[PDB]
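The next block holds one structure in the form of structure tokens; read it before the comments.
Just so we're on the same page: letters track the sequence lines, and every chain starts at 1.
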Amino acid sequence: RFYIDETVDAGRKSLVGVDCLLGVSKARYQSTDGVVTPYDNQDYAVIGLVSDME
Amino acid sequence: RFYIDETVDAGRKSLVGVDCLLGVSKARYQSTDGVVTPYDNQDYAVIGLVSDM
Amino acid sequence: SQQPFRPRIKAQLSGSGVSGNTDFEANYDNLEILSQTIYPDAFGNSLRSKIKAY
Amino acid sequence: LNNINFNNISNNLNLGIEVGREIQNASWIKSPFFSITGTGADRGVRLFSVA
Amino acid sequence: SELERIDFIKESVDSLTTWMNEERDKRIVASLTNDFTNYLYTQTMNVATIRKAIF
């Protein structure tokens, strides 16, 4: 969402702004009770791939 | 230019400003090339008149 | 379209021209143009009012 | 008096600079993450449109 | 603004749009790359490792 205010400094200056409300999380599901499973604290669908830079 | 802002303090105060771009220069011309003239780097239409006070 | 302005003068022609049948190329007169650059300057002042009721 | 003048046309005080109104940006770049994203369940990045 | 012939609203909006795009994508990437529970390391990226990762 954009917010444009042309009334800064009595109208002599202007402010443009941009804003976003977003929930972002890596899919990682916790047990809704005390039972521990293989899915407990694991990246559900992510495997890392680490190498060296050049 | 005049800037009227009736939205100071939730719109309860207002601010009136005045702003101007102005170029002021004592006419003192330079040669656009290497031709030296009497008008070169001299006050075009001003003679000083200094006195004691 | 306010920009740094550049007013120009041309000096007075002060050559002897040509006499009689002589052609102009024997004495060409030199047009000379002098220049100056005028940069703008921003300045202003403002007044803040009291509350509407006052 | 009359020597070789080695100046270039920038020194000519009869010329005025004309600034262009179109300003180029680096907005050509794109990342391949908008295509990964979607509302379907078969998406690397699933969007739950929670009104 | 008018002196330097800069349309500020337009230019500012498109640059802020580019910024918003990059920052949302960086949220996604940062959350995606935080705290790998399962990963493979290799000295150089080869198709052997990609096949191992798919397997």
(request) Report the residue from B:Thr37, B:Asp33, B:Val35, B:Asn41 that forms a side chain to side chain contact (heavy atoms under 4.5 Å, CB included) with C:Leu34. (result) B:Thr37

(message) Let me confirm one number: the NZ-OH distance from C:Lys10 to B:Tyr29, rounded to the nearest 0.5 Å.
(response) 12.0 Å

(message) Using only non-hydrogen atoms and a strict under-4.5 angstrom cutoff, which residues of residues 38-54 of chain C touch chain B?
(response) C:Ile38, C:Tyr39, C:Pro40, C:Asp41, C:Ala42, C:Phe43, C:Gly44, C:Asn45, C:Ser46, C:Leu47, C:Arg48, C:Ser49, C:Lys50, C:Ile51, C:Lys52

(request) Please flag which part of B:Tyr44 lies under 4.5 Å from any non-hydrogen atom of chain C: side chain, backbone, both or neither. (result) side chain

(message) Please classify the contact of B:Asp40 with chain C as side chain, backbone, both or neither, using a heavy-atom distance under 4.5 Å.
(response) both

(message) For chain C, which candidate among B:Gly11, B:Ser14, B:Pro38 shows the most heavy-atom pairs at distances under 4.5 Å?
(response) B:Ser14

Enumerate, atom names and distances included, each donor-acceptor pair closer than 3.5 Å involving a side-chain atom of residues 2-9 of chain C, sequence neighbours excluded.
{"residue": "C:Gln3", "atom": "NE2", "partner": "E:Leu3", "partner atom": "O", "Å": "2.6"}
{"residue": "C:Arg6", "atom": "NE", "partner": "C:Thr37", "partner atom": "OG1", "Å": "3.2"}
{"residue": "C:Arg6", "atom": "NH1", "partner": "D:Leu15", "partner atom": "O", "Å": "2.7"}
{"residue": "C:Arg6", "atom": "NH2", "partner": "C:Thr37", "partner atom": "OG1", "Å": "3.0"}
{"residue": "C:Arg8", "atom": "NH1", "partner": "D:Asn14", "partner atom": "OD1", "Å": "2.3"}

(message) Using a 4.5 Å heavy-atom cutoff, which residues in residues 13-28 of chain C come close to chain B?
(response) none

(request) Nearest 0.5 Å please: distance from the OG1 atom of B:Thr32 over to the CD atom of C:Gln36. (result) 13.5 Å

(request) Report, by ascending residue number, the residues of residues 21-28 of chain B in heavy-atom contact with chain C at a distance under 4.5 Å; give 'none' if the set is empty. (result) B:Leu21, B:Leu22, B:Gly23, B:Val24, B:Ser25, B:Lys26, B:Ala27, B:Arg28

